[PDB]
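First to last, the protein sequences are chains B and A.
Here the entry's author numbering is used: position 7 in the first sequence is 235, and no number is missing along the way.
Here the entry's author numbering is used: position 22 in the second sequence is 243, and no number is missing along the way.
Just so you know, even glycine gets a beta-carbon here, dropped at the ideal spot from N, CA and C.
Beneath this line is the structure, given in structure tokens, with notes to follow.
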Amino acid sequence: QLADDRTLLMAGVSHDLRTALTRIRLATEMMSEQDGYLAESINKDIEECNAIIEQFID
Amino acid sequence: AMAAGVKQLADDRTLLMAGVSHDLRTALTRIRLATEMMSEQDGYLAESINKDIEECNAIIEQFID
């Protein structure tokens, strides 16, 4: 009943979060084989962040 | 339940956004931990990630909080 203004805001937010998370994914894609379980963890947490944004910020 | 101020409380999204904020910060905190655990030869990568994490936090601090 005050909506579309923070709808736009939230699209901005979603955009900036996704941009930064994508940079993170990019960085993990360059991690070594020894750091595999770490990369895997980080990506699982990125996926989870994106799910949170998708559902409650979209 | 049809009381005048029930509908107002139910449309309050404060609690919801506080939970969004918290779940994001939780997941990001796990990313921070994982970076802090990386081999020291990939420090560059770690720092890169941390900057982005701090960027995300700021976003969340600035607009979801």
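Measure the C-alpha to C-alpha separation of residue i and residue j and round it to an integer number of angstroms.
i, j, result
"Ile281(B)", "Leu245(B)", "9 Å"
"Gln229(B)", "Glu275(A)", "33 Å"
"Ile252(B)", "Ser260(B)", "15 Å"
"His243(B)", "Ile285(B)", "10 Å"
"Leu254(B)", "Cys277(B)", "15 Å"
"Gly264(A)", "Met238(A)", "34 Å"
"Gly226(A)", "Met258(A)", "50 Å"
"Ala248(A)", "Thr256(A)", "13 Å"
"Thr250(B)", "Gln283(B)", "18 Å"
"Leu266(A)", "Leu266(B)", "12 Å"
Out of the options, which one is the CA nearest neighbour of residue i?
i, options, result
"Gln262(B)", "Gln262(A), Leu254(A) and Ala222(A)", "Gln262(A)"
"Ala279(B)", "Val241(A), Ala224(A) and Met223(A)", "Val241(A)"
So with CB distances below 9 Å, who are the chain A contacts of residue i?
i, result
"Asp286(B)", "Here the premise fails: no neighbours, minimum Cβ distance about 11 Å."
Using a Cβ cut-off of 8 Å, pull out every chain B residue sitting near residue i, in sequence order please.
i, result
"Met259(A)", "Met259, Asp263 and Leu266"
"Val241(A)", "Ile280, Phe284 and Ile285"
Could you list which residues in chain A have their beta carbon closer than 7 Å to that of residue i, in chain order?
i, result
"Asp233(B)", "The contacting residues do not exist; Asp233(B) stays about 13 Å from chain A at best."
"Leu230(B)", "Going along chain A, no residue has its Cβ under 7 Å from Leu230(B), so there is no contact; the nearest lies around 10 Å."
List the residues of chain B that residue i touches, going by C-beta distances under 7 Å, in chain order.
i, result
"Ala255(A)", "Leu266, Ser269 and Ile270"
Along chain B, which residues have their Cβ under 9 Å away from the Cβ of residue i?
i, result
"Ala222(A)", "Per Cβ cutoff of 9 Å: no residues; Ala222(A) is ~20 Å from chain B at best."
Identify the contact partners of residue i in chain A, using a Cβ-Cβ distance below 8 Å as the criterion.
i, result
"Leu236(B)", "None at all; the shortest Cβ gap to chain A is about 12 Å."
Would the stretch 262–272 of chain A count as touching the stretch 228–235 of chain A if we require 3 or more Cβ pairs under 8 Å? no
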